[PDB]
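Asks:
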Amino acid sequence: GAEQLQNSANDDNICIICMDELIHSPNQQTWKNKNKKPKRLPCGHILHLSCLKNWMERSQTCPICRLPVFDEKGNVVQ
Ligand SMILES: [Zn+2]
Ligand SMILES: [Zn+2]
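The sequence shown begins at 57 in the working numbering and counts up by one.
1) Return the CA-CA distance between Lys129 and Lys109, expressed in angstroms with no decimal places.
2) Measuring straight from C-alpha to C-alpha, what distance separates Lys88 and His80?
3) Determine which residues share a DSSP beta bridge with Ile70 and list them.
4) Between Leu123 and chain D, is any beta-carbon pair separated by less than 8 Å?
5) Give a yes or no on whether the C-beta atoms belonging to residue 21 and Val125 are separated by under 8 Å.
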């Protein structure tokens, strides 16, 4: 908070969490470890699965649109 390094953009191929490349081929695996697989959200966003988890441990939300995503467990119910 209160600290920026000019980084303030929106991407569809980059995990804003760490600003690392995030995308995958339809029949090839751009990333070896499945830990950072392109996990897509219900709202329509994609973040590295590991980074998404790291963020959700502190705030279960989309750090992009701020919408209320599913619980840290991945399956909210009421
Ligand atoms: Zn990431
Ligand atoms: Zn979202």
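We put the CB at the ideal spot given by N, CA and C, even for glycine.
Replies: This is what the structure holds:
1) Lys109 has its alpha-carbon roughly 10 Å from the corresponding atom of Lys129.
2) Annotation: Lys88 to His80 spans about 11 Å, alpha carbon to alpha carbon.
3) Per DSSP, the beta-bridge partners of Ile70 are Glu77.
4) As a matter of chain content, chain D is missing from the structure shown, which is built from one protein chain.
5) The first residue shown for the chain is 57 and the last is 134, placing residue 21 beyond what the model contains.
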